[PDB]
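Quick notes on the structure that follows.
Number of protein chains: 2
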Amino acid sequence: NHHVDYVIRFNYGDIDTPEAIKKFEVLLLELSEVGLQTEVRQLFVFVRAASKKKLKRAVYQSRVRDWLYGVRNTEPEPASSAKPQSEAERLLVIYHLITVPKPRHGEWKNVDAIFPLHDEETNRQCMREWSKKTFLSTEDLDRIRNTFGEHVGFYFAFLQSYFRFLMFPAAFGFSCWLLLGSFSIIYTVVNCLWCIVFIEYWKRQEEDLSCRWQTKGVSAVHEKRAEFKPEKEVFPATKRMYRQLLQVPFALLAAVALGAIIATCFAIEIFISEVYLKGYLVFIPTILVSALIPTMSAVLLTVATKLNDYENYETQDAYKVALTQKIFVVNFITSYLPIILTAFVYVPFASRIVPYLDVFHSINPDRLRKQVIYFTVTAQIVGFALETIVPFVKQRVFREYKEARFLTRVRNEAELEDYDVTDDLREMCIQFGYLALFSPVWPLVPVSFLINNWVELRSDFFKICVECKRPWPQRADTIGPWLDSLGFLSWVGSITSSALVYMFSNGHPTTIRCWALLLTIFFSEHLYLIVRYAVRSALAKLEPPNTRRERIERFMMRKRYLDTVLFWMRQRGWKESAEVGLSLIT
Amino acid sequence: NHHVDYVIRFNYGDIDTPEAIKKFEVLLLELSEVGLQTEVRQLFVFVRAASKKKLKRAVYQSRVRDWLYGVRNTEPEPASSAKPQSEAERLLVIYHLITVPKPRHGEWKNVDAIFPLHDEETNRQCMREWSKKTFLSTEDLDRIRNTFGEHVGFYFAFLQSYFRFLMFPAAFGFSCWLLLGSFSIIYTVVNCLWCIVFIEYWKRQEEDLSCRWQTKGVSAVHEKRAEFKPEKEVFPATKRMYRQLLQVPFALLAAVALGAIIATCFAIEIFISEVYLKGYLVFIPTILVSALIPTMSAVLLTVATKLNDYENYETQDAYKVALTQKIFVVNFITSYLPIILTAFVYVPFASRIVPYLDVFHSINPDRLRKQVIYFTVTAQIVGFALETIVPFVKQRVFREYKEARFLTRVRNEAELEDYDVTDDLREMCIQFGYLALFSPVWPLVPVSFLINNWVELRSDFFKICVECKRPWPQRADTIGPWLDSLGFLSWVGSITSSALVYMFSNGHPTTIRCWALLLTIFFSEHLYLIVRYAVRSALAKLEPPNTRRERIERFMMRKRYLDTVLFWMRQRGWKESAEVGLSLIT
Ligand SMILES: [Ca+2]
Ligand SMILES: [Ca+2]
Ligand SMILES: [Ca+2]
Ligand SMILES: [Ca+2]
């Protein structure tokens, strides 16, 4: 409430003369458009829309272009009475007012970046209300729509829909851990059948909440594209397929590196499990894995980054897509292959090739029980520490080294990080996987996410408020690539959790491959397919109310543009038909 | 060219008084709407739109309702200058003018049905031109759009796209039958990879040809629905899921009957293959299969018909859908299970249980080679006879028993059958299957459809012209359920044609199940999946021109409805920014 929208910082990295040039040339553009760019020399500059007669103009100017691309799909209210209907929506148009051509933030200019600010009065409110309820409401959800954009709004709406459906397995796995032993064939059915229903609910659910927030985002921006065929009314999109061809050996190259290194670190802990500072030597492969694969994957980001900027790349969203998918092959290997080696080569066999060893440098049954505890329970607790508490003490301590209340405030706003939805969402999609792939080992697992996600929903909202910078409102119509990638994940969980039940069916080469390890895959996994065919088509028929209301609303709109703009036959019709009709008597 | 659109026949099945009532009560409705219902007592009646000032009204009245449901998606030309732009389109509106409520054809009235007529001048033209070309053109395709409706138009456009892509396997299988033996692992790859590309081309192709013909059909009619909740602005659609639940044991009941009977008939021919009028006894299981399963399946139509009319069933198209899918489970069993028993139980084993027999009533290698010849080549030739030649001699001979040139013509028009696209399309989707499932046996198969489909395209067009009645123009936006069912078919072909290569890998219990029959399924069939994931997403990115032009055209239309209807900050903007901007020196 201080008449300010964005800050725009600078460099101090060059000589004084073109910095004097490059400061006012970007100021003159904002002179041309926005106005009242007030600056206070750190340099940064405050930016606010100058006149309401311009502000009411451009919001209408957005809501026109938002309409006639087929997104708003209503009649836009005319330019006289255009209320902004939100706060972040008002702060959205300013960002498209600045960032557009005809002002590149991260490149080509001296600016680091552009950030909006928080509302510390209502943010200290928003915690303490729904820190009390069981799980929060739509009237609280829309507060995270009217602020924080709409891409963040899916993230809580994904999480809330993921929260109130974990109450069904965590109740059920509570029973089989109490009634049965582990590995009950009743449990793995209720595991896998649940995972189909959650996705196909959420695929139906995104159609509502994007309709309810008036968004089908199909037009964001172009950048850096270099336009190898110029037209002003563009590039052969086949050459994407020629260069997405090159995307394939990346995954094997990430497989051959990180698959080797983790298994190399997996090889050593079995060696010390057999060939016994000895206890200090136990920590060594955990030390070796904890220092290489954060670095070695950080190499592989730079490769995929160097891959992803090959193409012209006309959009803005698909870079966030294409970088996510190429990062996702790393996250799949480095967070599941620790379990798969214990499950698939360590306990069935490998006893066989335990005498292959490093001299130059007996099956433990609880390797599985211990390590799945280490991933699904304990790693969230230290993940609760490394995400939240570590940057908070870094925010407070490093504050202490280095009308004027804003410049105390705004400079400490510049200290923080930007928020990424995707980097916080990838810890959710991975932690979905331990439920999908290794719930039959120790079936108290969905409790451990249920207790997590009630806290993680409150913590990640707290993480956005004070421990990182204000995200500018980006709009979206789905959760990105994560929806398509999530169904692939539970597909694999149909294979493994089927096989994992049989190999531990009271015991265990020892068990038959011919009769039971492959039929129990082929029967089960092809039963996972057809139930997914059943429910995906079933919930499509039950249409939800908003997308019916949207389809009604485009019908009623086209009613307006209609209405606002706008040789012998001798029967003489009717009477002589009575005479020929009377000829039915014969 | 005789000023006539439809004929409407009658019953002569009741007493004379309500027939006098029921004739004029349906005449009075047409008196209210159409006019000039001229009748000639067989009784039937000719129907033509009376005044052009009504005809130009109702075509505009269609093109309004066709527009504001979001199908036409253009501006409708106003009611003054509405040219019908076709012939069948003019004859389409008349059918919706008659059939609608506020005149049931097959029920509730004395009428058998309603039929339009042919144009024997141009139909004798249309054959002799494209009986000459290699394969016909879009200017000839649109002639089958401007007549015969648009649902028939997909059928040739499906067939033509299926014709000019058979030239690639029939060239390739010509090589491996000449170069290799059968069962070459190179051939089964080029078989299966082709089957992915054809579907995902045609899934992309329907988006063009429906756009090019201005059709996204989502509003046809309601009928017979009984409306168990009445509202005038309806039924809990969940009770469909309660009654599509009951649709599941139908398929097993069709499986347990016809799977037994065909295998029972399959059991007997092996008995005579081992236990030797003896040659007249050979024909007996072929006689037993040729008389029971046409009758036994004809029972199962009546069951699925009695199933399909359980629900309220609000649409018109989905009955043609839901009857097709429930008939399709019969067609899958009764036309592939003859081969699968020879392939999967006869040659791998069963030598084992050949001494189980009917006393009370040695492996032949060429059972497979003979029977696949009997299905993919010879059955088309007798299928060429039973479809075309048998009703034609039934048309001419039974004509000879039982200004007045029309009543010679029109009465012989009433002799014929209605045309079904679906009943003629199901012989195509099945004969796709022999290519998909059993092409590695005798790889000259895709030649035998290539030679077929050049003839079958010409014959089925001839079948519609003279040997069955004129189909009224029905509109559609796809080929119905057959597209979704076709991808399921080639899915199964990934399983069988993989396994069929290994079991015949130069020889053959004998071959290992453990090491090679199940890994060669699991490796291959899950490689069929991901290539289908590759191409389906690849051809989506390469957008075709018409659906880009459609998206442009809805953009430019919404341009018209837009345009036709329509506190300390003290820098003083720009100048004093030069002084504070000069403070970069420090
Ligand atoms: Ca966390
Ligand atoms: Ca978190
Ligand atoms: Ca035929
Ligand atoms: Ca035919």
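For the protein sequence lines, the chains are B and A, in the order given. Reading the first sequence from the start, the letters are residues 13 to 54, 60 to 119, 128 to 258, 270 to 312, 316 to 400, 420 to 460, 490 to 595, 602 to 659, 705 to 724 in the deposited numbering. Reading the second sequence from the start, the letters are residues 13 to 54, 60 to 119, 128 to 258, 270 to 312, 316 to 400, 420 to 460, 490 to 595, 602 to 659, 705 to 724 in the deposited numbering. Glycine residues also receive a C-beta, built at the ideal position from the N, C-alpha and C atoms.
Grab me the residues of residue 376 of chain B's own chain with a C-beta within less than 7 angstroms of its C-beta, minus the 5 sequence neighbours each way, in chain order.
The residue labelled residue 376 of chain B in the question sits at position 337 within the first sequence. Excluding sequence neighbours, residue 376 of chain B sits near 295 and 298.
Applying the criterion that 16 or more other CB atoms from any shown protein chain within 10 Å of the CB defines a buried residue, is residue 93 of chain A buried or exposed?
The residue you call residue 93 of chain A lines up with position 76 of the second sequence. Classification of residue 93 of chain A: buried, given that the 10 Å Cβ count is 16 or more.
Going along chain A, which residues have a C-beta under 7 angstroms from residue 277 of chain B?
Within the first sequence, residue 277 of chain B is the residue found at index 241, counting from 1. Here the neighbours are 631.
Helix, strand or coil for residue 352 of chain B? Go by DSSP, reduced to three states.
As a working mapping, residue 352 of chain B is identified with position 313 in the first sequence. Of the three classes helix, strand and coil, the one that applies to residue 352 of chain B here is coil, per DSSP.
Residues of chain B with CB under 8 angstroms from residue 274 of chain A, in chain order?
By one-based count along the second sequence, residue 274 of chain A stands at place 238. In chain order: 635.
Look at residue 423 of chain A and residue 602 of chain A and say whether their C-beta atoms are less than 9 angstroms apart.
Taking the second sequence and counting its residues from 1, one reaches residue 423 of chain A at position 365. Taking the second sequence and counting its residues from 1, one reaches residue 602 of chain A at position 509. Not closer than 9 angstroms, so no.
Quick check on the burial criterion: 16 or more other C-beta atoms within 10 angstroms. Buried or exposed for residue 23 of chain B?
The residue labelled residue 23 of chain B in the question sits at position 11 within the first sequence. Its Cβ having fewer than 16 others within 10 Å, residue 23 of chain B is exposed.
Would you call the CB atoms of residue 247 of chain B and residue 350 of chain B closer than 9 angstroms?
Residue numbering aside, residue 247 of chain B sits at position 222 when the first sequence is read from its first letter. Residue numbering aside, residue 350 of chain B sits at position 311 when the first sequence is read from its first letter. Against a cut-off of 9 angstroms, the Cβ pair of residue 350 of chain B and residue 247 of chain B comes out as no contact.
Provide the residue span of the beta strand (DSSP E) that contains residue 20 of chain A, from first to last.
Indexing the second sequence from 1 puts residue 20 of chain A at position 8. First-last of the beta strand (DSSP E) with residue 20 of chain A: 18-20.
With burial defined as no fewer than 16 other Cβ atoms inside 10 Å of the residue's Cβ, what is the status of residue 235 of chain A: buried or exposed?
Along the second sequence, one-based indexing puts residue 235 of chain A at 210. Burial call: buried.
Quick check: residue 705 of chain A and residue 113 of chain B, are their CB atoms within less than 9 angstroms of each other?
Taking the first residue of the second sequence as 1, we reach residue 705 of chain A at position 567. Taking the first residue of the first sequence as 1, we reach residue 113 of chain B at position 96. Result no, Cβ atoms of residue 705 of chain A and residue 113 of chain B do not sit closer than 9 angstroms.
Cβ closer than 9 angstroms: which chain A residues qualify as neighbours of residue 491 of chain B?
For the purposes of this step, residue 491 of chain B is taken as residue 404 along the first sequence, with counting starting at 1. What residue 491 of chain B touches in chain A: nothing, since even the nearest Cβ is about 11 angstroms away.
Is it buried or exposed for residue 63 of chain B, if we count other Cβ within 10 angstroms and need 16 for buried?
Taking the first residue of the first sequence as position 1, residue 63 of chain B is located at position 46. So residue 63 of chain B ends up on the buried side.
Count the other C-beta atoms from every protein chain shown that fall within 10 angstroms of the C-beta of residue 516 of chain B, then say buried if there are 16 or more, exposed otherwise.
For this step, residue 516 of chain B is matched to residue 429 along the first sequence. It counts as buried.
Once the 5 residues before and after residue 632 of chain A are set aside, which same chain residues still bring their CB inside 6 angstroms of it?
Numbered from its first residue, the second sequence carries residue 632 of chain A at position 539. For residue 632 of chain A, where only same-chain residues beyond five positions count, the Cβ hits under 6 angstroms are 225 and 229.
Of all Cβ atoms in chain A, is any one closer than 9 angstroms to the Cβ of residue 707 of chain B?
In the first sequence, counting from the first residue as 1, residue 707 of chain B sits at position 569. Residue 707 of chain B belongs to the set of residues whose beta carbon lies under 9 angstroms from a beta carbon in chain A.
On the criterion of 16 or more Cβ atoms from any shown chain inside 10 Å, does residue 527 of chain A qualify as buried, or is it exposed?
Here residue 527 of chain A is taken as the residue at index 440 of the second sequence, counted from 1. Buried, since its Cβ has 16 or more Cβ neighbours within 10 Å.
For residue 171 of chain A and residue 104 of chain A, which I take to be in contact (beta-carbon distance under 8 angstroms), what is that distance rounded to the nearest angstrom?
As a first step, residue 171 of chain A is located in the second sequence; it is residue number 146 there, counting from the start. As a first step, residue 104 of chain A is located in the second sequence; it is residue number 87 there, counting from the start. The Cβ separation is near 6 angstroms, so the contact holds.
Relative to ligand 2, is the shortest distance from any of its heavy atoms to the C-beta of residue 546 of chain B smaller than 8 angstroms?
In the first sequence, residue 546 of chain B corresponds to position 459, counting from 1. Because some heavy atom of ligand 2 lies under 8 angstroms away, the Cβ of residue 546 of chain B counts as near it: yes.
For a cutoff of 9 angstroms on Cβ pairs, would you count residue 648 of chain B as touching chain A?
As a position in the first sequence, residue 648 of chain B is number 555, starting the count at 1. At least one chain A Cβ lies under 9 angstroms of residue 648 of chain B.
Check the Cβ-Cβ distances between residue 614 of chain B and every residue of chain A, and say whether any is below 9 angstroms.
Position 521 of the first sequence, counted from the start, is the residue given in the question as residue 614 of chain B. For residue 614 of chain B, the answer is yes, since a Cβ of chain A falls inside 9 angstroms of its Cβ.
Can you name the residues that DSSP bridges to residue 63 of chain B?
One-based indexing of the first sequence puts residue 63 of chain B at position 46. For residue 63 of chain B, which the question treats as bridged, DSSP gives the partners B:19 and B:50.
Closer than 8 angstroms by C-beta to residue 202 of chain B: which residues in its own chain qualify, once you throw out the five before and the five after it? Chain order, please.
In the first sequence, residue 202 of chain B corresponds to position 177, counting from 1. Here residue 202 of chain B has 529, 530 and 531 as same chain residues with Cβ atoms under 8 angstroms from its own Cβ, once five neighbours each way along the sequence are excluded.
Using the beta-carbon of each residue, which ones in chain B are nearer than 7 angstroms to residue 31 of chain A?
For the purposes of this step, residue 31 of chain A is taken as residue 19 along the second sequence, with counting starting at 1. Chain B residues near residue 31 of chain A: 722.
Taking 6 angstroms as the limit, tell me which residues put their C-beta closer than that to any heavy atom of ligand 3, in chain order.
A:441, A:442, A:445, A:514 and A:543
Where residue 253 of chain B and residue 637 of chain A are concerned, what is the direct C-alpha to C-alpha distance, given to the nearest angstrom?
The residue you call residue 253 of chain B lines up with position 228 of the first sequence. The residue you call residue 637 of chain A lines up with position 544 of the second sequence. Taking the straight line from one Cα to the other gives about 20 angstroms.
For residue 239 of chain A and chain B, any beta-carbon pair shorter than 9 angstroms?
Residue 239 of chain A sits at position 214 when you count from the first residue of the second sequence. No - not a single Cβ of chain B is within 9 angstroms of the one on residue 239 of chain A.
Does residue 642 of chain A come within less than 9 angstroms of chain B when only Cβ atoms are used?
Along the second sequence, one-based indexing puts residue 642 of chain A at 549. Taking Cβ atoms only, chain B never reaches closer than 9 angstroms to residue 642 of chain A, which makes this a no.
Taking 9 angstroms as the CB-CB limit, is residue 712 of chain A close to chain B?
The residue you call residue 712 of chain A lines up with position 574 of the second sequence. At least one chain B Cβ lies under 9 angstroms of residue 712 of chain A.
If you drop the 5 nearest sequence neighbours on each side, which residues of the same chain put their C-beta closer than 7 angstroms to that of residue 381 of chain A?
In the second sequence, the residue the question calls residue 381 of chain A occupies position 342. The residues are 425, 426 and 429.
With hydrogens ignored, establish whether the beta-carbon of residue 511 of chain B is closer than 8 angstroms to any heavy atom of ligand 2.
Looking up residue 511 of chain B in the first sequence gives position 424. Yes, ligand 2 has a heavy atom inside 8 angstroms of this Cβ.
Name the residue from B:309, B:184, B:34 and B:331 whose alpha carbon lies nearest to the alpha carbon of residue 128 of chain B.
As a first step, residue 128 of chain B is located in the first sequence; it is residue number 103 there, counting from the start. Considering only alpha carbons, the answer is B:34.
Between residue 85 of chain A and chain B, is the shortest Cβ-Cβ distance under 9 angstroms, so that the two count as touching?
The residue labelled residue 85 of chain A in the question sits at position 68 within the second sequence. At least one chain B Cβ lies under 9 angstroms of residue 85 of chain A.
Please name the residue, chosen from B:439, B:498, B:219 and B:490, that lies closest to residue 453 of chain B on a Cα-to-Cα basis.
Residue 453 of chain B sits at position 395 when you count from the first residue of the first sequence. That would be B:498, whose Cα lies nearest to the Cα of residue 453 of chain B.
Three-state secondary structure (DSSP) at residue 139 of chain A?
Your numbering for residue 139 of chain A matches position 114 in the second sequence. The three-state reading of DSSP puts residue 139 of chain A in strand, counting E and B together.
Tell me which residues of the region 145-162 of chain B have at least one Cβ-Cβ distance to chain A shorter than 8 angstroms, keeping chain order.
Residues are counted here when their Cβ sits less than 8 angstroms from a Cβ of chain A; for the region 145-162 of chain B the count is zero.
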